[PDB]
file structure-v9.cif (mmCIF, C-alpha atoms)
data_model
loop_
_atom_site.label_atom_id
_atom_site.label_comp_id
_atom_site.auth_asym_id
_atom_site.auth_seq_id
_atom_site.Cartn_x
_atom_site.Cartn_y
_atom_site.Cartn_z
CA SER U 1 -42.81 23.11 32.29
CA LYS U 2 -41.99 26.40 30.51
CA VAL U 3 -43.49 29.59 32.04
CA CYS U 4 -43.04 33.25 30.99
CA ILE U 5 -43.01 36.51 33.01
CA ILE U 6 -42.73 40.22 32.21
CA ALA U 7 -41.10 42.50 34.79
CA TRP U 8 -40.67 46.25 34.91
CA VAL U 9 -37.85 47.53 37.11
CA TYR U 10 -37.77 51.08 38.47
CA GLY U 11 -35.02 52.95 40.32
CA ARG U 12 -31.46 53.69 39.20
CA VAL U 13 -31.55 51.03 36.49
CA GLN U 14 -30.44 52.70 33.26
CA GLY U 15 -26.79 53.31 32.36
CA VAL U 16 -25.44 51.16 35.20
CA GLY U 17 -25.08 47.93 33.22
CA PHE U 18 -28.55 46.60 34.18
CA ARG U 19 -29.40 45.26 30.67
CA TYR U 20 -26.00 43.62 30.13
CA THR U 21 -26.04 41.80 33.53
CA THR U 22 -29.63 40.59 33.08
CA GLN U 23 -28.49 39.10 29.74
CA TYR U 24 -25.62 37.38 31.55
CA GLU U 25 -27.74 35.96 34.37
CA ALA U 26 -30.61 35.05 32.00
CA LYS U 27 -28.22 32.92 29.91
CA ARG U 28 -26.64 31.17 32.96
CA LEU U 29 -30.18 30.22 34.04
CA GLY U 30 -30.87 28.90 30.54
CA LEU U 31 -33.71 31.35 30.00
CA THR U 32 -34.91 32.97 26.82
CA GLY U 33 -36.32 36.47 26.23
CA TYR U 34 -34.96 40.03 26.20
CA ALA U 35 -34.41 43.28 28.17
CA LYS U 36 -35.21 46.81 26.95
CA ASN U 37 -34.98 50.40 28.23
CA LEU U 38 -38.14 52.56 28.24
CA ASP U 39 -38.68 56.35 28.01
CA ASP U 40 -39.94 56.50 31.62
CA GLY U 41 -36.57 55.64 33.24
CA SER U 42 -37.37 51.96 33.71
CA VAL U 43 -36.28 48.64 32.22
CA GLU U 44 -38.56 45.87 30.94
CA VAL U 45 -37.50 42.23 31.22
CA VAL U 46 -39.22 39.32 29.38
CA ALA U 47 -38.08 35.80 30.34
CA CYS U 48 -39.20 32.23 29.58
CA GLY U 49 -37.97 28.81 30.67
CA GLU U 50 -38.48 26.40 33.56
CA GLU U 51 -40.48 27.82 36.45
CA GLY U 52 -37.71 27.53 39.05
CA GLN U 53 -35.09 29.13 36.80
CA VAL U 54 -37.52 32.04 36.10
CA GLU U 55 -38.10 32.53 39.86
CA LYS U 56 -34.30 32.74 40.36
CA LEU U 57 -34.34 35.66 37.86
CA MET U 58 -37.30 37.32 39.66
CA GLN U 59 -35.25 37.02 42.90
CA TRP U 60 -32.06 38.47 41.34
CA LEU U 61 -34.05 41.39 39.89
CA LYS U 62 -35.85 42.06 43.20
CA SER U 63 -32.66 41.65 45.32
CA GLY U 64 -31.34 44.65 43.31
CA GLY U 65 -29.77 43.37 40.06
CA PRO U 66 -26.08 44.44 39.60
CA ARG U 67 -24.23 46.27 42.39
CA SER U 68 -24.02 49.55 40.42
CA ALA U 69 -27.85 49.81 40.50
CA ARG U 70 -30.49 50.77 43.07
CA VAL U 71 -33.78 48.99 42.42
CA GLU U 72 -36.78 50.69 44.04
CA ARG U 73 -39.69 48.65 42.65
CA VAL U 74 -40.32 45.57 40.50
CA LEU U 75 -43.69 44.84 38.88
CA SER U 76 -43.86 41.31 37.41
CA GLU U 77 -46.77 39.64 35.57
CA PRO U 78 -48.30 37.26 36.31
CA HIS U 79 -47.66 37.32 40.07
CA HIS U 80 -48.22 33.54 40.11
CA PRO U 81 -46.73 32.15 36.80
CA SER U 82 -48.01 28.67 37.73
CA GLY U 83 -51.55 29.79 36.82
CA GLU U 84 -50.35 29.75 33.17
CA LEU U 85 -49.99 25.92 33.07
CA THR U 86 -53.56 25.09 34.23
CA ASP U 87 -56.09 24.20 31.50
CA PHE U 88 -58.03 27.33 30.92
CA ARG U 89 -59.55 28.52 34.21
CA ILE U 90 -61.49 31.51 35.53
CA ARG U 91 -60.17 33.43 38.58
CA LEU U 92 -61.42 35.92 41.16
CA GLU U 93 -59.76 39.15 42.35
#
call {"tool": "encode", "arguments": {"input": "structure-v9.cif", "output": "structure tokens"}}
result
Amino acid sequence: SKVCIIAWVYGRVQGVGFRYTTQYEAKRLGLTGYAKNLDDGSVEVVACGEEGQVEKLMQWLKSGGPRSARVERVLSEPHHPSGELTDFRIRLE
């Protein structure tokens, strides 16, 4: 079913078309959400849709996004988006 993630992408990610290309790939994957630049030199991505289509976006982001960019680190939440579909559970760290 429909999962959501939020990812923050650090590196050379602003002013190299990162937002515009995420839009393009997010559409092709039939995903909903948005992308936004932040004051700290990073880009936030919010994406919802089917869990396999979302994971294809997490892979594209992590594999570096567009070719004009140099992604150094990606922090997504949650790390296992499948935990969002389970009737309300408790979990250990």
call {"tool": "resolve_selection", "arguments": {"input": "structure-v9.cif", "expression": "the PyMOL selection byres ((chain U and resi 31-48) around 6)", "output": "MDAnalysis selection string"}}
result
chainID U and resid 3:10 19 26:27 29:30 49
call {"tool": "atom_distance", "arguments": {"input": "structure-v9.cif", "atom1": "atom CA of residue U:64", "atom2": "atom CA of residue U:17"}}
result
12.3 Å
call {"tool": "residues_near_point", "arguments": {"input": "structure-v9.cif", "point": "(-36.8, 47.9, 46.3)", "cutoff": "12 Å", "atoms": "all atoms listed in the file", "output": "JSON, numbers by chain"}}
result
{"U": [9, 10, 11, 12, 13, 59, 60, 61, 62, 63, 64, 65, 69, 70, 71, 72, 73, 74, 75]}
call {"tool": "atom_distance", "arguments": {"input": "structure-v9.cif", "atom1": "atom CA of residue U:50", "atom2": "atom CA of residue U:1"}}
result
5.6 Å
call {"tool": "atom_distance", "arguments": {"input": "structure-v9.cif", "atom1": "atom CA of residue U:2", "atom2": "atom CA of residue U:51"}}
result
6.3 Å
